[PDB]
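Colleague: Need coordinates for the following:
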Amino acid sequence: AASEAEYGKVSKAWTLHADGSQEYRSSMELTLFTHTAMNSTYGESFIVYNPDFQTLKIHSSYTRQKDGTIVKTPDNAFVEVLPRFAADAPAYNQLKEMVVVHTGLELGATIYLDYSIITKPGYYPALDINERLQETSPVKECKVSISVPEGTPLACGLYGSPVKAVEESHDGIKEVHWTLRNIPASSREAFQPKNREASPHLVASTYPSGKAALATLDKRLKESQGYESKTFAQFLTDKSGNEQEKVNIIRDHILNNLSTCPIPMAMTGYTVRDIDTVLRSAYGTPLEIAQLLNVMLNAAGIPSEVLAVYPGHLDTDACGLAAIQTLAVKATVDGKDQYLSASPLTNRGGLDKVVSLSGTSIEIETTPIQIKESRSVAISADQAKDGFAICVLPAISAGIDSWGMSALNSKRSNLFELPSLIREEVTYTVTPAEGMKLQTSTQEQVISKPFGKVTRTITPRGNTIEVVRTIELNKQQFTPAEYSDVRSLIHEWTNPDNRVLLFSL
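Modeller: Numbering: from 1, shown residues only. Sure, the structure comes next:
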């Protein structure tokens, strides 16, 4: 955690060579102050690489104890394994994760690790960086450096920090570096924004432009003929009446028959297996699945394109593919676009920047999720023999009740972000036993705030009672000044007492 550990130094250096080979060199000094720190995953380092094009070189690995004793990491403390993300995915079974087990740890000891990943020509189309510089512990000093051949275009930016680039050329190489000091630990608060704007990140690219990066990806995606995938798409949708049915057939076929293999694009050199091979294998990376769906939709007569989703604060003219957070597919159905992705693009809407692979920015609308459910509840005179029956109306699962927000802190230091806007209505039909008397007031309960509202109405109807609960949340992000108002809404919804009906017998 925070005063549990500190990175005294971090240094990261990226180099692009004229032949297209790269080096990434990472060194760190990490002091652990508690057994909690020492016994956590801070006891290890994890280094992922693709040995088909990369080699890992450990420059040094040791622990320095407070008294000056140096404990060099022994050979048997280096263990190579398959990264968990590649499990059960045969095409990626060459991928490696080196686990360095830090030895000689004691209270106040400092871990030193310095390594490079060397990438041979022909694997990465460009130098393409999106590096988080904030850690879960404070970083006293962080040095980052990018070197490319003179004449190579370079766009770079340090986001979430005012530190200025220092430019240095030498020996036909153009170098830029930054030095950040005293980077605070990230906050442990839940529900911070998916993209934290004040969290320092280095983003850089040697593609000619962001658009060129996307066009390069597209060209590579289109390199396989996808003959079977196209023919299959046509066979699958030849009967269908309307365009929507065709989209559903294709989407459902893919959803039902391919599992998603979460292999980062960097670990595939930013490309895909041959698309017909993806289709036959029944697993695919997000990128592979996106292209398969796109190829099949287009073959079926549904004009479609792959979309890249970036954080909303980024200058997408100046970044490469490393800054992409999600992929989606746009399908035009009877002149109206719809988006296909694991989570709806309209949940976050304009929080993010969405760009097609042909380079067009898309102003995605922000659309509330709509939940409407019903429950029936019987109450017996059994349950009220001892004077009273406490009827807890059951909570539903979908929507805000699944957000993990039933115990929100009253204090908040960081922005608070909801997964989506939302509107929910839950109608309970309650049938109490004969002669049970409702003790709960039938007066409507309403809490209304600037960015939402929660209501409860209770209406006896014959020998049933209808209870309607509603919530609407109409803003996604909240400053600490705004947090109390949205917290009171969310709490009005989730507080179990607010679902109780009391009856006397």
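Colleague: gap between the nearest residue to residue 66 once chain neighbours are set aside and residue 61?
Modeller: Nearest residue to residue 66 in three dimensions, chain neighbours excluded: residue 108, at 4.3 Å (Cβ to Cβ, 6 or more residues apart in numbering). Bear in mind the C-beta positions are built from the backbone N, C-alpha and C, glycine included. Distance, residue 108 to residue 61, by Cβ to Cβ, to the nearest Å: 19 Å.
Colleague: And the two? Which one has more around it.
Modeller: It is residue 61, of residue 108 and residue 61, that has more neighbours when counted by other Cβ atoms under 10 Å, with 20 against 13.
Colleague: what's near enough to touch the more buried one?
Modeller: Residues counted as contacts of residue 61 (Cβ atoms under 8 Å, 6 or more residues apart in numbering) are 72-73, 78, 100, 102, 112-115.
Colleague: Does it lie in a helix or a strand, and which?
Modeller: strand 54-64 (DSSP states H and E).
Colleague: ok, the very next helix or strand once past that strand: who's next to it in the sheet?
Modeller: Downstream of strand 54-64, the next assigned helix or strand under DSSP H and E is strand 70-72. Applying DSSP bridges, strand 70-72 is found paired with strand 54-64 (antiparallel).
Colleague: Could you list the buried residues of the strand it pairs with?
Modeller: 54, 56, 61-64 (16 or more other Cβ atoms under 10 Å).
Colleague: and what of stretch 64-76?
Modeller: Residues of stretch 64-76 classed as buried under the neighbour-count rule (16+ other Cβ under 10 Å) are 64, 71, 73.
Colleague: Can you tell me which of these lies closest to residue 488?
Modeller: For the buried residues of stretch 64-76, the residue nearest residue 488 by Cβ to Cβ is residue 64; the value is 50.5 Å.
Colleague: quick one: the helices in the chain?
Modeller: For the chain, the helices defined by DSSP state H cover 35-38, 210-221, 227-237, 243-257, 275-281, 286-299, 345-348, 480-494.
Colleague: Including distance to residue 29, could the ones you listed go into a markdown table?
Modeller: Formatted as a markdown table, those follow (distance: least, Cβ to Cβ, whole Å):
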| stretch | distance to residue 29 |
| --- | --- |
| helix 35-38 | 14 |
| helix 210-221 | 34 |
| helix 227-237 | 50 |
| helix 243-257 | 47 |
| helix 275-281 | 43 |
| helix 286-299 | 35 |
| helix 345-348 | 37 |
| helix 480-494 | 34 |
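Colleague: Residue 133: which of those helices is closest?
Modeller: Across those, closest to residue 133 is helix 35-38 (Cβ to Cβ), at 20.3 Å.
Colleague: Residues in contact with the closest one: which ones?
Modeller: Residues contacting helix 35-38 (Cβ under 8 Å, 6+ apart): 1, 4-5, 32, 105-107.
Colleague: In that helix, which residues are buried?
Modeller: Neighbour-count burial for helix 35-38, counted by 16+ other Cβ under 10 Å, picks out 37-38.
Colleague: Go ahead and produce PDB holding the CA coordinates of it.
Modeller: Written as PDB, here are the backbone C-alpha positions of helix 35-38 (Å, rounded to 0.1, in the frame of the first residue of the first chain):
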ATOM      1  CA  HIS A  35       5.500  -7.900   6.300                       C
ATOM      2  CA  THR A  36       2.100  -7.100   4.600                       C
ATOM      3  CA  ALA A  37       4.100  -5.600   1.800                       C
ATOM      4  CA  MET A  38       6.800  -8.400   1.700                       C
END
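Colleague: just use 804 as the starting number from now, easier for me
Modeller: In the new numbering, first residue 804, that becomes helix 838-841.
Colleague: how close does residue 942 get to residue 1052?
Modeller: For residue 942 relative to residue 1052 (Cβ to Cβ), the value is 51 Å.
Colleague: Who has more neighbours out of those two?
Modeller: Neighbours were tallied for residue 942 and for residue 1052 using other Cβ under 10 Å; the higher tally belongs to residue 942 (22 against 17).
Colleague: Could you single out the most deeply buried of the helices of the chain?
Modeller: Greatest average neighbour count among those goes to helix 1089-1102 (a mean of 25), per mean count of other Cβ atoms under 10 Å.
Colleague: What is it packed up against?
Modeller: helix 1030-1040, helix 1046-1060, helix 1078-1084, strand 1107-1114, strand 1129-1136 (3 or more Cβ pairs under 8 Å, 6 or more residues apart in numbering; DSSP states H and E).
Colleague: ok, back up a step: between the contacts of helix 838-841, which sits nearest residue 1298?
Modeller: Of the contacts of helix 838-841, the one sitting nearest to residue 1298 (Cβ to Cβ) turns out to be residue 804, at 30.4 Å.
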